[PDB]
Amino acid sequence: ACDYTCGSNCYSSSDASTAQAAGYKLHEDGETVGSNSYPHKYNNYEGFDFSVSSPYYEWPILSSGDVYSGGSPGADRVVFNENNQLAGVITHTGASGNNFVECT
Ligand SMILES: Nc1nc2c(ncn2[C@@H]2O[C@H](CO)[C@@H](O)[C@H]2OP(=O)(O)O)c(=O)[nH]1
Ligand SMILES: [Ca+2]
Ligand SMILES: [Ca+2]
């Protein structure tokens, strides 16, 4: 079973933790990768009801199981905060334009 389902993509908690750890490390070191400069602040324009505190940062989580290193980011993202807490997993899949919807 999937802990997070982003469209057709199936993710386990371990996938989210592995992705979050990579993005958090880059955040703490003040570095970014990719043309879109990940990780970067997530403003929560969508108004998701995150239970943890801000600031929030988005980082790509890949369907292949591989850790993002600068290529195409795909549609899915893990959102984490300043205290290394997972806020949520979201996706562009099933959403209009560049909006996000939450993964189930
Ligand atoms: N949809 C959305 N985009 C955000 C948010 N916070 C930052 N962004 C960025 O705002 C711009 C319009 O969506 C994009 O550059 C997007 O970054 P990403 O495209 O890297 O996600 C947010 O809360 N929602
Ligand atoms: Ca996996
Ligand atoms: Ca692999």
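Numbers here are sequence positions counted from 1. Heavy atoms only: backbone and side chains are in, while hydrogens, waters and symmetry mates are out. Both ligands and their constituent atoms are indexed starting at 1 by order of listing.
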With a 6.0 Å cut-off (strictly less than), is the heavy-atom count around CG of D49, excluding the residue itself, greater than 12? no
Test of understanding: clusters of I, L, V, M, F, W, Y form through side-chain heavy atoms closer than 4.5 Å, transitively. Do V79 and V67 belong to the same one? no
Please determine, by modelled atom types, if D76 and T91 share a side-chain donor-acceptor pair under 3.5 angstrom. yes
Distance-minimising heavy-atom pair for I90 and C6: O-SG, 4.5 Å
Please tabulate, one line per pair, the protein nitrogen or oxygen atoms found under 3.5 angstrom from a nitrogen or oxygen of ligand 1, with distances to 0.1 Å, or say none if there are no such pairs.
{"residue": "ligand 1", "atom": "1 (N)", "partner": "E46", "partner atom": "OE2", "Å": "3.0"}
{"residue": "ligand 1", "atom": "1 (N)", "partner": "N98", "partner atom": "O", "Å": "3.0"}
{"residue": "ligand 1", "atom": "6 (N)", "partner": "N43", "partner atom": "N", "Å": "3.0"}
{"residue": "ligand 1", "atom": "13 (O)", "partner": "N98", "partner atom": "ND2", "Å": "3.0"}
{"residue": "ligand 1", "atom": "19 (O)", "partner": "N98", "partner atom": "ND2", "Å": "3.1"}
{"residue": "ligand 1", "atom": "20 (O)", "partner": "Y38", "partner atom": "OH", "Å": "2.6"}
{"residue": "ligand 1", "atom": "20 (O)", "partner": "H40", "partner atom": "NE2", "Å": "2.7"}
{"residue": "ligand 1", "atom": "21 (O)", "partner": "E58", "partner atom": "OE1", "Å": "3.0"}
{"residue": "ligand 1", "atom": "21 (O)", "partner": "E58", "partner atom": "OE2", "Å": "2.7"}
{"residue": "ligand 1", "atom": "23 (O)", "partner": "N44", "partner atom": "N", "Å": "2.7"}
{"residue": "ligand 1", "atom": "23 (O)", "partner": "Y45", "partner atom": "N", "Å": "2.9"}
{"residue": "ligand 1", "atom": "24 (N)", "partner": "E46", "partner atom": "OE1", "Å": "2.9"}

For residues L26 and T32, determine if any side-chain heavy atom of one lies less than 4.5 Å from a side-chain heavy atom of the other. no
Closest non-hydrogen atom pair, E82 against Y24: O-OH, 3.5 Å
Could you work out, with ring-ring contact (aromatic ring centres under 6.0 Å, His included) as the rule, every residue matching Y11, not counting sequence neighbours? none
For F50, which residues count as a ring-ring contact (aromatic ring centres under 6.0 Å, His included) partner, sequence neighbours excluded? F48, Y56
Identify whether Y42 and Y38 are in the same connected component of the hydrophobic contact network (ILVMFWY, side-chain heavy atoms under 4.5 Å). no
Taking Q85 for its side chain and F80 for its backbone only, find out whether a donor-acceptor pair lies under 3.5 Å. no
Looking only at N, O or S atoms in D66, which is nearest to the Ca ion (ligand 3)? OD1
Using a cut-off of 3.0 Å, how many protein N, O or S atoms sit around the Ca ion (ligand 2)? 2
